[PDB]
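So basically every Cβ, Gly included, is an ideal-geometry build from the backbone, and we count neighbours across all protein chains shown. Just so you know, all these numbers are worked out from the coordinates, no wet-lab data involved.
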Amino acid sequence: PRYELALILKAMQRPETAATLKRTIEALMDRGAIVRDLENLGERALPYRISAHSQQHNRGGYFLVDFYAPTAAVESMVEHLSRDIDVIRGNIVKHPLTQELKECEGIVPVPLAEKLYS
Amino acid sequence: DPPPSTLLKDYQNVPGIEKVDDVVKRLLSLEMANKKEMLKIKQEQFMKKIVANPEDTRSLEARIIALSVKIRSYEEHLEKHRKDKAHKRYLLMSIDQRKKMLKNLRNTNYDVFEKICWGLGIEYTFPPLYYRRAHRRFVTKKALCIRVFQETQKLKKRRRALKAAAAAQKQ
Amino acid sequence: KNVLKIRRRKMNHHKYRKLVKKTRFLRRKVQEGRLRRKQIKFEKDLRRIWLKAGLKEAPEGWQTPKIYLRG
RNA sequence: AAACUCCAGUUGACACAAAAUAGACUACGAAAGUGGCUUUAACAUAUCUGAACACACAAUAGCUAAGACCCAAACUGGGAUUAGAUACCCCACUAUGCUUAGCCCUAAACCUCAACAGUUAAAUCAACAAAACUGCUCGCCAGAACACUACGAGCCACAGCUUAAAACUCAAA
Ligand SMILES: [K+]
Ligand SMILES: [K+]
Ligand SMILES: [Mg+2]
Ligand SMILES: [Mg+2]
Ligand SMILES: [Mg+2]
Ligand SMILES: [Mg+2]
Ligand SMILES: [Mg+2]
Ligand SMILES: [Mg+2]
Ligand SMILES: [Mg+2]
Ligand SMILES: [Mg+2]
Ligand SMILES: [Mg+2]
Ligand SMILES: [Mg+2]
Ligand SMILES: [Mg+2]
Ligand SMILES: [Mg+2]
Ligand SMILES: [Mg+2]
Ligand SMILES: [Mg+2]
Ligand SMILES: [Mg+2]
Ligand SMILES: [Mg+2]
Ligand SMILES: [Mg+2]
């Protein structure tokens, strides 16, 4: 299915950041993934201090990888990200754009009797 | 199981699907989909193989095939999840519901009942007449009563030869 | 509603549990004896079968198991 | 009062424990249950009804074995209270609550409302609860107490569970 990898990378210089992304996208491809896009969300201060691989982090590079992969690739990729020392935190979620939002007419009133009755 | 390269049931009959890039074929195959999509391909394979009208989904045959695919998925699920009591219940309930379907198909259309059993590999079994615990005392006694019967039969045959032998001597 | 019926049951169960507690060693000796007689009663029922069928001994290779022991 | 005084406060590192707010929501699941995040698998049945025992489940407590152990905590120990205090109050700590694999099979397991279908016109209706009913099916009940007991049988249960009487007694319950 289509997944979205939210990738927080250790704050590094451009050459080491590009090497980490290439090494990360190749890991997806090695597991059968079809990579669709790579987005840079920018380097920012983390919302809290994160300890990863015997180091404390206050800043990180936020990246997104939109890709398709078999269901068995997720488990193996999560394991790969846990061992890469340049990744602060990596999470794979089902791509939000796959889920179609159902239309809403509005806020139907709910009878108060049901509230206390329920 | 169908090959992973198999296209999805929705994209198999679109014109020009055989001339698209290989990448597009991977994205429309079973490899890039969840298991439920592979089960829709399995159900369609059994429908064409068994039922007379592959598009009649409300016939007793189609329901047996649809439920038989669900039953196989639960078995694979429970092979990896052996403490999943929720799905163990769903499996046992699904087996019971199919047996009820097979019972009703056997009574109404035997020729179709036979094709469903051959196609799906189902060995129909008649239910036991009595439901009662076979506890240790009964299991042990029933075994002894069978041994006693077997021994009595042997003794009754050795009382046929001796009588036969003595009768011949008189002559 | 009141709990007067539950209270009657409550005391009956407390006194029973306490009674069983006080006499648990006598009750264990009694239970052991009953299981022995239960086993003997079972062996007799099986012996009745082969004897009423004309056999003089148990079927060859038959040993009546102990179906009431904790083991 | 006892207890601690390698104690306390700030800062940093840090879990096999538990999951603020959302939740004023009322959802998911057969029930039991289920409220941090992600992913995978996944939530039976195109007529209903259908089991103390068949089949599969079933909170908490508890058992067997190997682990984890922050905090809580039966029991136990200490402090205090008291006519006494095997309690309530304070402190410490264990089984236990967790994980894994097996058991055990109970609950005020309770919306105290059996499943399915139908009706809102009749009398609205003992009372209270939760407006009053019809069809159909299964389960169950027939004064109280004896009795979640005795005996029998079954069960990985052995101080257990399930099923479950009688005698004596009363004119009530
Ligand atoms: K929480
Ligand atoms: K209740
Ligand atoms: Mg009493
Ligand atoms: Mg039913
Ligand atoms: Mg039942
Ligand atoms: Mg019955
Ligand atoms: Mg019961
Ligand atoms: Mg339980
Ligand atoms: Mg436990
Ligand atoms: Mg403590
Ligand atoms: Mg004391
Ligand atoms: Mg402890
Ligand atoms: Mg935990
Ligand atoms: Mg409850
Ligand atoms: Mg019912
Ligand atoms: Mg009575
Ligand atoms: Mg009880
Ligand atoms: Mg009892
Ligand atoms: Mg008994």
Item to check | Residue ranges of helices (runs of 4 or more DSSP H) in region B:82-171 with at least 2 members touching a residue at least 24 places away in the same chain (Cβ under 8 Å) | outcome: B:85-108, B:110-120
Item to check | Scan of region A:63-91 for residues that are hydrophobic (A, V, I, L, M, F, W, C) and more than 22 Å from residue B:23 (Cα to Cα), ordered by number | outcome: A:63, A:78, A:81, A:85, A:87, A:88
Item to check | Only one of C:37, C:7 that is in a helix (DSSP H, G or I), exposed (fewer than 12 other Cβ atoms within 10 Å of the Cβ) and within 16 Å of ligand 3 (Cβ to nearest atom) | outcome: C:7
Checklist entry - Within region A:1-26, restricting attention to residues that are acidic (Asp, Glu) and farther than 19 Å from residue A:94 by Cβ, which residue is nearest to the other protein chains (Cβ to nearest Cβ)? => result A:26
Checklist entry - Regarding residue B:140, is this residue farther than 30 Å from residue C:51 by Cβ and either surrounded by fewer than 13 Cβ atoms within 10 Å (Cβ to Cβ) or not acidic (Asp, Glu) (or both)? => result no
Item to check | Test result for residue B:20, part of a loop (DSSP other than H, G, I, E, B) and hydrophobic (A, V, I, L, M, F, W, C) | outcome: yes
Checklist entry - Among the residues of region A:59-77, is there at least one that is over 17 Å from residue A:4 (Cα atoms), more than 13 Å from the chain's Cα centre (by Cα), of a type outside the set (A, V, I, L, M, F, W, C) and not in a loop (DSSP other than H, G, I, E, B)? => result yes
Checklist entry - Going through region B:50-92 one residue at a time, which ones are farther than 20 Å from residue B:2 by Cβ, touching a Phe, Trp or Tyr at 6+ places or on another chain (Cβ under 7 Å) and surrounded by 18 or more Cβ atoms within 10 Å (Cβ to Cβ)? => result B:91
Checklist entry - Among the residues of region B:50-81, which ones are of a type in the set (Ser, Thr, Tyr) and touching a residue at least 12 places away in the same chain (Cβ under 8 Å)? => result B:68, B:73, B:74
Checklist entry - Which one of these is buried (at least 17 other Cβ atoms within 10 Å of the Cβ), free of Cβ contacts under 8 Å to residues at least 24 places away in the same chain and in a helix (DSSP H, G or I): B:47, B:38? => result B:47
Checklist entry - Residue check, residue C:14 against (1) in a helix (DSSP H, G or I); (2) over 27 Å from residue C:69 (Cβ atoms); (3) near RNA strand D (Cβ under 6 Å from one of its atoms), all met but one. Which one? => result (3)
Checklist entry - Just wondering, is there one or more residues in region C:17-27 that are on the phi > 0 side of the Ramachandran plot and more than 9 Å from RNA strand D (Cβ to nearest atom)? => result no
Checklist entry - Can you name every residue in region A:1-24 that is surrounded by fewer than 17 Cβ atoms within 10 Å (Cβ to Cβ) and either of a type in the set (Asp, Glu) or assigned to a helix (DSSP H, G or I) (or both)? => result A:14, A:15, A:16, A:18, A:19, A:22, A:23
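Taking into account only those residues within region B:1-35 that are among the polar types (S, T, N, Q) and surrounded by 13 or more Cβ atoms within 10 Å (Cβ to Cβ), which is nearest to the other protein chains (Cβ to nearest Cβ)?
B:29
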Next on the checklist: Taking the conditions exactly as written (part of a loop (DSSP other than H, G, I, E, B), more than 6 Å from RNA strand D (Cβ to nearest atom) and of a type in the set (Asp, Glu)), does residue C:57 satisfy them or not?
Outcome noted: yes
Next on the checklist: If I filter region B:153-164 for residues that are away from RNA strand D (no atom under 16 Å from the Cβ), of a type outside the set (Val, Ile, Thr) and touching a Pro at 6+ places or on another chain (Cβ under 7 Å), do I get at least one hit?
Outcome noted: no
Item to check | Residue among A:72, A:33, A:45 that alone is surrounded by 15 or more Cβ atoms within 10 Å (Cβ to Cβ) and of a type outside the set (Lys, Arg) | outcome: A:33
Checklist outcome for this item: Picked from region B:50-73 (must be more than 7 Å from RNA strand D (Cβ to nearest atom), in a helix (DSSP H, G or I) and not charged (D, E, K, R)), the residue nearest to the other protein chains (Cβ to nearest Cβ) is B:69
